[PDB]
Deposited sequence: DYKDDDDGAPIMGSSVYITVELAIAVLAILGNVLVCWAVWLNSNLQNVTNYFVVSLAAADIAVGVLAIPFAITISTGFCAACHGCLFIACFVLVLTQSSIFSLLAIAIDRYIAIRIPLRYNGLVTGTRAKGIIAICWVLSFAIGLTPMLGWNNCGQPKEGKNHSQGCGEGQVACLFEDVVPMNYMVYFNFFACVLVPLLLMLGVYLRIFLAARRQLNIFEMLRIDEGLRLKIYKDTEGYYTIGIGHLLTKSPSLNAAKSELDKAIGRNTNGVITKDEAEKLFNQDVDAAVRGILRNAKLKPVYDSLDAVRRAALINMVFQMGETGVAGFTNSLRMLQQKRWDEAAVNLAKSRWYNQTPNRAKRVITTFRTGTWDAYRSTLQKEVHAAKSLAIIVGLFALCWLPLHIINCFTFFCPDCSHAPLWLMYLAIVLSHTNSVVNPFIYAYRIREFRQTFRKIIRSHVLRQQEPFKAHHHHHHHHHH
């Protein structure tokens, strides 16, 4: 058996798995409306690039491994096409990382800013940039515009013979790969730290009532800032800014920092606590509650007012009697629960447990998808970095012994393997994908 026959068989197997797996990804998104969100628009664009790796890039790699004689511009397309697909993968991975960041940082205003029309525009632009970046050697930055044994007008189609190494290192690796990879590392780190933020009264009502650092209108149309801090009933934003500047201590033009919103919210808590202590019905309960259960009581006061909370005579006395589970059942049978069940369920869970578990869980639900997508970037890095580092050695140590043939084969094949792994990750970590996969395979493929 020839070593070439092993290499070709391995490449063709990777090609088939790349096409089949990533066709299944696009097929699932097209079939399942629950997978038709903006995040999976970039998943499909990423899946399309990996299909093209199996149909074209891998066959292109097998042909240029022979170093055949070809015209320079035709040889450069065969060699540089995989650079287009790899660059498109980077832009899609970059878009997925950014999309998940604003999803957890502005969870309320995510849909208004992140839309399907904008995602489709970014995808079309990124595919154009990928061709411009990948096929840059075709536009003049190549080493065949100036191989003995090929005849003039042709060159031996060898990648390192035709693709300049300073392009591969400075422009492609450092600027077009390393920088987006490090930015993706910082974005996902920022996502993971936000999910691990310490919970307190400020973060509890940030989840329940939102945080806005810019002045906005509420459900009535009253100007508001921070965590539900009313500024004025006047129909003038300038009147609201005047109230904001007085409370903050500086000219704001309607924008504040997170610490300024937290300080403004700390004063609102002190006012609500002073009102609770003045109420003869609420003070004995508040005095008996622990710090976290007091935050749930302040939560209700911020939503319904001191008088509204005082109307929970039965639930309040069971809270003061430390009968947590009984108070939960009673509070769930109230109008406040029926009107806003999600916020009420989180507040009632706080009363039962005395922990922030209901608000931590809200944070983890927003980031579990991010951990699976972050694994894909790591596998992309692990699969492509060996080639980039080899290119850096050849570039910066010219008299160094070139990497042996077996490592070159392994690094090239490993890079192609990256076009197979993503559908396996979705299947193992994302249930909506795994379930759609099973339906497609059992129904459309296996017919039963």
| property | result |
| --- | --- |
| Deposited-sequence segments unaccounted for in the coordinates | 1-10, 157-163, 466-481 |
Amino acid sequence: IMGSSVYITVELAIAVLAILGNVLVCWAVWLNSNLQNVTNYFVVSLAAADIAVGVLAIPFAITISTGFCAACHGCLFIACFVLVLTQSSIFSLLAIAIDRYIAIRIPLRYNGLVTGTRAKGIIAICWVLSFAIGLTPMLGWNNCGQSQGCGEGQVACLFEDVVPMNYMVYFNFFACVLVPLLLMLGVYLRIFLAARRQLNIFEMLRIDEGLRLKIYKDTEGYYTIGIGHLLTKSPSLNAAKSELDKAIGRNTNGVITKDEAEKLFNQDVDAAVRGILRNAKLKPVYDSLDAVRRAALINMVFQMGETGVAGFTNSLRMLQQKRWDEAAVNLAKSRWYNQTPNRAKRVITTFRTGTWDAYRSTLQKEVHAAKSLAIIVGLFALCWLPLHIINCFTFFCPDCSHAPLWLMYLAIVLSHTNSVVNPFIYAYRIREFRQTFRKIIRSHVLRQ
From here on, numbers count along this sequence of modelled residues.
| property | result |
| --- | --- |
| Between 315-323 and 94-102 (mean CA B-factor, as deposited), the higher | 315-323 |
| Average Cα temperature factor in the PDB entry - higher stretch of 172-180, 340-348 | 340-348 |
| Among 166, 279, 130, 334 - the residue whose C-alpha B-factor is largest in the record | 334 |
| Out of 414, 58, 400, 389, highest CA B-factor residue | 400 |
| Modelled-residue ranking by C-alpha temperature factor, third containing residue 294 | lowest |
| Residue 406 - Cα temperature factor, lowest/middle/highest third of chain | highest |
| Within-chain third of residue 155 by Cα B-factor, per the entry | middle |
| Position of residue 134 among the chain's modelled residues by C-alpha B-factor, lowest, middle or highest third | lowest |
| For residue 362, the third of its chain into which the C-alpha B factor falls | highest |
